[PDB]
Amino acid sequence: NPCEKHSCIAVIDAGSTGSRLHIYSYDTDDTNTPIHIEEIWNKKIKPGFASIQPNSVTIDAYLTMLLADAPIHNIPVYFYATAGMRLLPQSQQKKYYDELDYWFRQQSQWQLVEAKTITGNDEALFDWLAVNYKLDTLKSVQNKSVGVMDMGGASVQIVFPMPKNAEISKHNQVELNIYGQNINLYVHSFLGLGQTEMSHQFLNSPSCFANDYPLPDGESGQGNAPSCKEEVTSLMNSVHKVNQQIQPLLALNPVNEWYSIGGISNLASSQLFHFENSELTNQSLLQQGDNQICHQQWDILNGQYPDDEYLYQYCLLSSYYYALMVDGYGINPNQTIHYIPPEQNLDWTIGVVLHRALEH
């Protein structure tokens, strides 16, 4: 039992496409800040919590499945939901949390401490903490700016260092104290621009699917990634005004190294894309999507690569990552974007270990 000699907590990423339970062990330094954070248990379940029926039978089955087989008793649990839950009004969220609270009161293995929806700004802070913890950049003052992007299913987050700016909403800025240093961050989360939500506006766009892919409207795919990218850019910028919000800030506060987590890590490490050193450029991601997916014959490609359930979306998703990064955030197409390998099972929940407070 690691938890008899180290602190342990359980954090659940109740994300839009699935829930991920992690039990972390850790020690603390002389200010009671966690160090030596190690994942000692994990379990994932699909679909997203906020997609299932909020009735006792269904919620019981789902929590029972997520929380089974753990070899440690009486661990405190922090259940934190993200953008899937944030699509729902507070009265509907309440139904889920009342049922989850009841479930936890009927059992004796886990100790529920908190179950709630976090804000997108909370989620972005945790995204930056998680990646910077893994990079070992938190303990000392850095001379390089690290930006993080989390490519989720219901929202996307961008977070990067920026001094306090009295002309920007308080909600898009966080003053972080961690290991005795003060870090000021810009945070933004874009609700509805996550993969799943975005994709529901383009399912009948022939440019976004392999040739002859059967679109729901009965038309055929006719892939063309630059064209698909321009369609996604219209949602990015004509609808959400990503470019107007983000690019002036990055122009004055440039990021020196970009790291990404979320679906782009899974795409870029699939059998269909080919990148070295766990990094990509947007130029190469669009080119590979266009040649290896968009302009292929769908039945031929699907027969060649039968095991990847995201295959049919890779023309759209490569186009969409480029639209978000290059046309929305203004990142140069040749700038290196590091992505964290999916096998590391890194998500924002490491940030909760380090920093318990949430926006009030």
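Here, rigid core means the biggest group of C-alpha atoms that superpose within 1.5 Å across both forms. So that there is no doubt, residue numbering starts at 1 and follows the sequence shown.
**Student:** State which stretch is farther from the displayed form on average in 8 other deposited structures of this protein, 109-117 or 183-191, counting RMS CA distance after fitting on the rigid core.
**Tutor:** Taking the RMS over all superposed structures in 8 other deposited structures of this protein, 109-117 lies farther out.
**Student:** Do the Cα atoms of 66-74 stray more than those of 315-323 in 8 other deposited structures of this protein, or is it the other way round, with the core held fixed?
**Tutor:** Between the two stretches, 66-74 moves farther in 8 other deposited structures of this protein.
**Student:** Out of 1-9 and 350-358, which one has CA B-factors that are higher on average in the deposited record?
**Tutor:** That would be 1-9.
**Student:** Comparing average C-alpha B factors as deposited, tell me which of 67-75 and 111-119 sits higher.
**Tutor:** The deposited B-factors put 67-75 ahead on the C-alpha mean.
**Student:** Sorting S238, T82, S199, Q92 by Cα temperature factor from the record, which one lands on top?
**Tutor:** The listed residue with the largest C-alpha B-factor is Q92.
**Student:** Based on the PDB record, which member of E175, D127, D290, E231 exhibits the highest Cα temperature factor?
**Tutor:** Max CA B-factor in the entry, restricted to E175, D127, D290, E231: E175.
**Student:** For the chain shown, is the CA B-factor of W41 in the lowest, middle or highest third of its modelled residues?
**Tutor:** It belongs to the highest third of the chain when residues are ordered by C-alpha B-factor.
**Student:** Can you tell me which third, lowest, middle or highest, the CA B-factor of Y133 falls into for its chain?
**Tutor:** CA B-factor rank for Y133: middle third.
**Student:** Considering every modelled residue of the chain and its Cα B-factor in the PDB entry, is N204 in the lowest, middle or highest third?
**Tutor:** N204: CA B-factor falls in the lowest third of its chain.
**Student:** Going by the entry, which third of its chain does the Cα temperature factor of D150 land in?
**Tutor:** It falls in the bottom third of the chain.
**Student:** Lowest, middle or highest third: where is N302 by C-alpha B factor in its chain?
**Tutor:** Its C-alpha B-factor, which the entry lists for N302, ranks in the middle third among residues of this chain.
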